[PDB]
file work-v7.pdb (PDB, C-alpha atoms and all ligand atoms)
ATOM      1  CA  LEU A   7       0.000   0.000   0.000  1.00  0.00           C
ATOM      2  CA  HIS A   8       1.105   3.621  -0.560  1.00  0.00           C
ATOM      3  CA  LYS A   9       0.278   6.993   1.013  1.00  0.00           C
ATOM      4  CA  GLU A  10      -0.754   9.835  -1.300  1.00  0.00           C
ATOM      5  CA  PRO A  11      -1.049  13.518  -0.297  1.00  0.00           C
ATOM      6  CA  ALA A  12      -4.359  15.267   0.277  1.00  0.00           C
ATOM      7  CA  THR A  13      -5.499  18.400   2.123  1.00  0.00           C
ATOM      8  CA  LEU A  14      -8.428  18.844   4.482  1.00  0.00           C
ATOM      9  CA  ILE A  15     -11.398  20.607   2.967  1.00  0.00           C
ATOM     10  CA  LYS A  16     -13.758  19.868   5.874  1.00  0.00           C
ATOM     11  CA  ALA A  17     -14.364  17.487   8.762  1.00  0.00           C
ATOM     12  CA  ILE A  18     -17.762  15.825   8.380  1.00  0.00           C
ATOM     13  CA  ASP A  19     -18.377  13.218  11.106  1.00  0.00           C
ATOM     14  CA  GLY A  20     -16.545  10.381  12.885  1.00  0.00           C
ATOM     15  CA  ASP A  21     -15.799   8.284   9.797  1.00  0.00           C
ATOM     16  CA  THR A  22     -16.184  10.700   6.845  1.00  0.00           C
ATOM     17  CA  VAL A  23     -14.051  13.644   5.864  1.00  0.00           C
ATOM     18  CA  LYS A  24     -13.952  15.993   2.856  1.00  0.00           C
ATOM     19  CA  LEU A  25     -10.470  16.014   1.356  1.00  0.00           C
ATOM     20  CA  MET A  26      -8.916  17.417  -1.807  1.00  0.00           C
ATOM     21  CA  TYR A  27      -7.231  14.516  -3.585  1.00  0.00           C
ATOM     22  CA  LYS A  28      -5.346  15.000  -6.884  1.00  0.00           C
ATOM     23  CA  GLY A  29      -6.886  18.465  -6.991  1.00  0.00           C
ATOM     24  CA  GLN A  30     -10.503  17.292  -6.781  1.00  0.00           C
ATOM     25  CA  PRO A  31     -12.881  17.522  -3.761  1.00  0.00           C
ATOM     26  CA  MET A  32     -14.185  14.251  -2.384  1.00  0.00           C
ATOM     27  CA  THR A  33     -15.778  12.663   0.624  1.00  0.00           C
ATOM     28  CA  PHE A  34     -13.740   9.826   2.063  1.00  0.00           C
ATOM     29  CA  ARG A  35     -15.278   7.067   4.105  1.00  0.00           C
ATOM     30  CA  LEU A  36     -12.864   5.422   6.511  1.00  0.00           C
ATOM     31  CA  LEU A  37     -12.173   1.754   5.712  1.00  0.00           C
ATOM     32  CA  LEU A  38     -12.921  -1.033   8.180  1.00  0.00           C
ATOM     33  CA  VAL A  39     -14.808   1.043  10.756  1.00  0.00           C
ATOM     34  CA  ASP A  40     -18.265   2.033  11.896  1.00  0.00           C
ATOM     35  CA  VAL A  41     -18.931   4.978  14.240  1.00  0.00           C
ATOM     36  CA  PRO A  42     -22.325   5.843  15.860  1.00  0.00           C
ATOM     37  CA  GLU A  43     -24.543   8.346  14.096  1.00  0.00           C
ATOM     38  CA  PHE A  50     -24.324  11.930  15.419  1.00  0.00           C
ATOM     39  CA  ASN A  51     -27.685  11.367  17.115  1.00  0.00           C
ATOM     40  CA  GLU A  52     -26.535   8.112  18.776  1.00  0.00           C
ATOM     41  CA  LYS A  53     -24.406   7.670  21.888  1.00  0.00           C
ATOM     42  CA  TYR A  54     -20.707   8.539  21.314  1.00  0.00           C
ATOM     43  CA  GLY A  55     -21.606   9.848  17.825  1.00  0.00           C
ATOM     44  CA  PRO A  56     -20.748  13.504  18.678  1.00  0.00           C
ATOM     45  CA  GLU A  57     -17.576  12.451  20.463  1.00  0.00           C
ATOM     46  CA  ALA A  58     -16.484  10.318  17.492  1.00  0.00           C
ATOM     47  CA  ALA A  59     -16.969  13.302  15.183  1.00  0.00           C
ATOM     48  CA  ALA A  60     -15.124  15.603  17.572  1.00  0.00           C
ATOM     49  CA  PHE A  61     -12.284  13.110  17.754  1.00  0.00           C
ATOM     50  CA  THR A  62     -11.839  12.810  13.979  1.00  0.00           C
ATOM     51  CA  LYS A  63     -12.277  16.584  13.517  1.00  0.00           C
ATOM     52  CA  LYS A  64      -9.477  17.411  15.894  1.00  0.00           C
ATOM     53  CA  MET A  65      -7.196  14.776  14.481  1.00  0.00           C
ATOM     54  CA  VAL A  66      -7.518  15.969  10.921  1.00  0.00           C
ATOM     55  CA  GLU A  67      -7.746  19.711  11.651  1.00  0.00           C
ATOM     56  CA  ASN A  68      -4.589  19.738  13.784  1.00  0.00           C
ATOM     57  CA  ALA A  69      -2.604  17.677  11.277  1.00  0.00           C
ATOM     58  CA  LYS A  70       0.122  19.361   9.251  1.00  0.00           C
ATOM     59  CA  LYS A  71       0.002  16.518   6.727  1.00  0.00           C
ATOM     60  CA  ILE A  72      -3.014  14.395   5.741  1.00  0.00           C
ATOM     61  CA  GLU A  73      -2.335  11.289   3.638  1.00  0.00           C
ATOM     62  CA  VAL A  74      -4.730   8.881   1.961  1.00  0.00           C
ATOM     63  CA  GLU A  75      -3.996   5.188   1.544  1.00  0.00           C
ATOM     64  CA  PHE A  76      -6.152   3.102  -0.794  1.00  0.00           C
ATOM     65  CA  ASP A  77      -6.287  -0.660  -0.322  1.00  0.00           C
ATOM     66  CA  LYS A  78      -6.046  -3.300  -3.082  1.00  0.00           C
ATOM     67  CA  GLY A  79      -9.806  -3.439  -3.868  1.00  0.00           C
ATOM     68  CA  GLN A  80     -12.615  -0.928  -4.469  1.00  0.00           C
ATOM     69  CA  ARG A  81     -11.565   2.752  -4.150  1.00  0.00           C
ATOM     70  CA  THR A  82     -15.083   4.287  -4.322  1.00  0.00           C
ATOM     71  CA  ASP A  83     -18.296   3.075  -2.697  1.00  0.00           C
ATOM     72  CA  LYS A  84     -21.816   2.990  -4.125  1.00  0.00           C
ATOM     73  CA  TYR A  85     -22.370   6.535  -2.897  1.00  0.00           C
ATOM     74  CA  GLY A  86     -19.250   7.863  -4.723  1.00  0.00           C
ATOM     75  CA  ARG A  87     -17.311   8.200  -1.443  1.00  0.00           C
ATOM     76  CA  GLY A  88     -13.600   7.335  -1.527  1.00  0.00           C
ATOM     77  CA  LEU A  89     -12.622   4.365   0.622  1.00  0.00           C
ATOM     78  CA  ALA A  90      -9.248   4.737   2.299  1.00  0.00           C
ATOM     79  CA  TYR A  91      -7.070   4.611   5.351  1.00  0.00           C
ATOM     80  CA  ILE A  92      -6.567   8.244   6.356  1.00  0.00           C
ATOM     81  CA  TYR A  93      -3.338   9.361   8.152  1.00  0.00           C
ATOM     82  CA  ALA A  94      -2.835  12.534  10.220  1.00  0.00           C
ATOM     83  CA  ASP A  95       0.866  13.309  10.635  1.00  0.00           C
ATOM     84  CA  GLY A  96       1.574   9.612  10.094  1.00  0.00           C
ATOM     85  CA  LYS A  97      -1.055   8.437  12.617  1.00  0.00           C
ATOM     86  CA  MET A  98      -3.935   6.406  11.152  1.00  0.00           C
ATOM     87  CA  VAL A  99      -7.323   7.910  11.990  1.00  0.00           C
ATOM     88  CA  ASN A 100      -9.119   4.601  11.374  1.00  0.00           C
ATOM     89  CA  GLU A 101      -6.933   2.887  13.955  1.00  0.00           C
ATOM     90  CA  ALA A 102      -7.080   5.740  16.479  1.00  0.00           C
ATOM     91  CA  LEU A 103     -10.887   5.823  16.579  1.00  0.00           C
ATOM     92  CA  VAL A 104     -10.996   2.057  17.136  1.00  0.00           C
ATOM     93  CA  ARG A 105      -8.303   2.223  19.855  1.00  0.00           C
ATOM     94  CA  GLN A 106     -10.341   4.894  21.637  1.00  0.00           C
ATOM     95  CA  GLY A 107     -13.460   2.801  21.538  1.00  0.00           C
ATOM     96  CA  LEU A 108     -15.091   5.406  19.280  1.00  0.00           C
ATOM     97  CA  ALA A 109     -15.483   2.947  16.404  1.00  0.00           C
ATOM     98  CA  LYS A 110     -15.983  -0.776  15.842  1.00  0.00           C
ATOM     99  CA  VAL A 111     -14.256  -2.913  13.207  1.00  0.00           C
ATOM    100  CA  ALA A 112     -16.854  -3.273  10.426  1.00  0.00           C
ATOM    101  CA  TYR A 113     -17.509  -3.525   6.709  1.00  0.00           C
ATOM    102  CA  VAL A 114     -14.638  -5.941   6.241  1.00  0.00           C
ATOM    103  CA  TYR A 115     -14.731  -6.988   2.598  1.00  0.00           C
ATOM    104  CA  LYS A 116     -12.014  -9.119   0.962  1.00  0.00           C
ATOM    105  CA  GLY A 117      -9.576  -7.245  -1.259  1.00  0.00           C
ATOM    106  CA  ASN A 118      -9.931  -4.180   0.989  1.00  0.00           C
ATOM    107  CA  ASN A 119      -8.817  -5.556   4.382  1.00  0.00           C
ATOM    108  CA  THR A 120      -5.028  -5.084   4.601  1.00  0.00           C
ATOM    109  CA  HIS A 121      -5.192  -3.427   8.029  1.00  0.00           C
ATOM    110  CA  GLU A 122      -7.914  -5.664   9.518  1.00  0.00           C
ATOM    111  CA  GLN A 123      -5.800  -7.484  12.114  1.00  0.00           C
ATOM    112  CA  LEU A 124      -4.195  -4.193  13.166  1.00  0.00           C
ATOM    113  CA  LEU A 125      -7.641  -2.631  13.872  1.00  0.00           C
ATOM    114  CA  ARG A 126      -8.926  -5.814  15.567  1.00  0.00           C
ATOM    115  CA  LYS A 127      -5.879  -5.626  17.889  1.00  0.00           C
ATOM    116  CA  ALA A 128      -6.775  -2.021  18.739  1.00  0.00           C
ATOM    117  CA  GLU A 129     -10.374  -3.101  19.243  1.00  0.00           C
ATOM    118  CA  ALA A 130      -9.237  -5.924  21.502  1.00  0.00           C
ATOM    119  CA  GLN A 131      -7.447  -3.357  23.679  1.00  0.00           C
ATOM    120  CA  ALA A 132     -10.297  -0.787  23.624  1.00  0.00           C
ATOM    121  CA  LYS A 133     -12.677  -3.462  24.844  1.00  0.00           C
ATOM    122  CA  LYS A 134     -10.281  -4.658  27.563  1.00  0.00           C
ATOM    123  CA  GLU A 135     -10.298  -1.069  28.912  1.00  0.00           C
ATOM    124  CA  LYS A 136     -14.083  -0.658  28.670  1.00  0.00           C
ATOM    125  CA  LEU A 137     -13.517   2.472  26.571  1.00  0.00           C
ATOM    126  CA  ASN A 138     -16.429   4.597  25.359  1.00  0.00           C
ATOM    127  CA  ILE A 139     -18.707   2.224  23.425  1.00  0.00           C
ATOM    128  CA  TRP A 140     -17.325  -0.689  25.444  1.00  0.00           C
ATOM    129  CA  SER A 141     -18.324   0.996  28.771  1.00  0.00           C
TER     130      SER A 141
HETATM  131  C1  LIG A 201     -16.940   1.201   4.947  1.00  0.00           C
HETATM  132  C2  LIG A 201     -17.715   0.810   3.724  1.00  0.00           C
HETATM  133  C3  LIG A 201     -19.023   1.079   3.578  1.00  0.00           C
HETATM  134  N1  LIG A 201     -19.754   0.801   2.447  1.00  0.00           N
HETATM  135  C4  LIG A 201     -21.224   1.024   2.398  1.00  0.00           C
HETATM  136  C5  LIG A 201     -22.005  -0.078   3.104  1.00  0.00           C
HETATM  137  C6  LIG A 201     -23.226   0.605   3.597  1.00  0.00           C
HETATM  138  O1  LIG A 201     -24.205   0.429   2.540  1.00  0.00           O
HETATM  139  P1  LIG A 201     -25.698   0.763   3.092  1.00  0.00           P
HETATM  140  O2  LIG A 201     -25.906   2.285   3.222  1.00  0.00           O
HETATM  141  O3  LIG A 201     -26.427   0.216   1.931  1.00  0.00           O
HETATM  142  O4  LIG A 201     -26.000   0.118   4.371  1.00  0.00           O
HETATM  143  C7  LIG A 201     -22.739   2.035   3.858  1.00  0.00           C
HETATM  144  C8  LIG A 201     -22.472   2.374   5.311  1.00  0.00           C
HETATM  145  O5  LIG A 201     -21.850   3.675   5.408  1.00  0.00           O
HETATM  146  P2  LIG A 201     -22.071   4.609   6.683  1.00  0.00           P
HETATM  147  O6  LIG A 201     -21.661   3.742   7.861  1.00  0.00           O
HETATM  148  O7  LIG A 201     -21.194   5.770   6.452  1.00  0.00           O
HETATM  149  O8  LIG A 201     -23.475   4.916   6.636  1.00  0.00           O
HETATM  150  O9  LIG A 201     -21.501   2.191   3.152  1.00  0.00           O
HETATM  151  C9  LIG A 201     -19.166   0.131   1.397  1.00  0.00           C
HETATM  152  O10 LIG A 201     -19.822  -0.215   0.433  1.00  0.00           O
HETATM  153  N2  LIG A 201     -17.813  -0.124   1.524  1.00  0.00           N
HETATM  154  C10 LIG A 201     -17.033   0.121   2.644  1.00  0.00           C
HETATM  155  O11 LIG A 201     -15.836  -0.180   2.634  1.00  0.00           O
HETATM  156 CA    CA A 202     -21.176   5.443  10.278  1.00  0.00          CA
END
call {"tool": "encode", "arguments": {"input": "work-v7.pdb", "output": "structure tokens"}}
result
Amino acid sequence: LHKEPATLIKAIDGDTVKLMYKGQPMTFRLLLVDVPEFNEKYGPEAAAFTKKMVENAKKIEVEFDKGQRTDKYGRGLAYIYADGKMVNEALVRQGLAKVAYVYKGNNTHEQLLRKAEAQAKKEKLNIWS
């Protein structure tokens, strides 16, 4: 896998962000995760977490997997990195997301996230509380 540059356009919610990629605007959906809806418990906090992570970053990178790069809604599907830290993984580690939507061909970082989820659960963090 390889990291490509992008710049924040706008935070959206816990697992979507508007990014400029190769000069075009696009909504990215975070691979391998599911966060509560804004109206559901921990939904606001998930959004606030992702927002801070991406807004504070000096450098946002996008990392496509080996399979589908766009979903049925036209959203990009990627691992997003904020100053070299993976947002997908961070949310899961904080118990602000669950591992989810694991499809074959787009699951390189599955075991990594599951490990983070194992440790979030062990600590009864956020959704595991
Ligand atoms: C994460 C992810 C979601 N999706 C689709 C599945 C869901 O379809 P349905 O809307 O038909 O349920 C939807 C969930 O996204 P949200 O969790 O952002 O709503 O996004 C993909 O197709 N690929 C993926 O890698
Ligand atoms: Ca969601």
call {"tool": "resolve_selection", "arguments": {"input": "work-v7.pdb", "expression": "the PyMOL selection byres (((not hetatm)) within 6 of (chain A and resi 201))", "output": "VMD selection string"}}
result
chain A and resid 37 to 38 40 83 to 84 89 113
call {"tool": "residues_near_ligand", "arguments": {"input": "work-v7.pdb", "ligand": "ligand CA 202 (chain A)", "cutoff": "10 Å", "atoms": "all atoms listed in the file", "output": "number ranges by chain"}}
result
A: 19-22, 35-36, 39-43, 50, 55, 58, 109-110, 112
call {"tool": "resolve_selection", "arguments": {"input": "work-v7.pdb", "expression": "the PyMOL selection byres (((chain A and resi 108) around 7) and not hetatm)", "output": "list in words"}}
result
residues 41, 54, 58, 103, 104, 106, 107, 109, 138 and 139 of chain A
call {"tool": "resolve_selection", "arguments": {"input": "work-v7.pdb", "expression": "the PyMOL selection byres (((chain A and resi 14) around 8) and not hetatm)", "output": "ChimeraX atom specification"}}
result
/A:12-13,15-17,23-26,66-67,72
call {"tool": "closest_residue", "arguments": {"input": "work-v7.pdb", "among": "A:126, A:70, A:97, A:134", "to": "residue 111 (chain A)", "atoms": "all atoms listed in the file"}}
result
A:126
call {"tool": "residues_around", "arguments": {"input": "work-v7.pdb", "residues": "region 80-82 of chain A", "least_positions_apart": "6", "cutoff": "10 Å", "atoms": "only C-alpha atoms", "output": "list in words"}}
result
residues 33, 34, 35, 37, 88, 89, 90, 115, 116, 117 and 118 of chain A
call {"tool": "atom_distance", "arguments": {"input": "work-v7.pdb", "atom1": "CA of residue 121 (chain A)", "atom2": "CA of residue 100 (chain A)"}}
result
9.5 Å
call {"tool": "closest_residue", "arguments": {"input": "work-v7.pdb", "among": "A:53, A:127, A:133, A:78", "to": "residue 7 (chain A)", "atoms": "all atoms listed in the file"}}
result
A:78
call {"tool": "atom_distance", "arguments": {"input": "work-v7.pdb", "atom1": "CA of residue 140 (chain A)", "atom2": "CA of residue 114 (chain A)"}}
result
20.1 Å
call {"tool": "atom_distance", "arguments": {"input": "work-v7.pdb", "atom1": "CA of residue 141 (chain A)", "atom2": "CA of residue 62 (chain A)"}}
result
20.0 Å
call {"tool": "axis_aligned_box", "arguments": {"input": "work-v7.pdb", "around": "region 91-104 of chain A", "padding_each_side": "8 Å", "output": "AutoDock Vina command-line options"}}
result
--center_x -4.7 --center_y 7.7 --center_z 11.2 --size_x 28.6 --size_y 27.3 --size_z 27.8
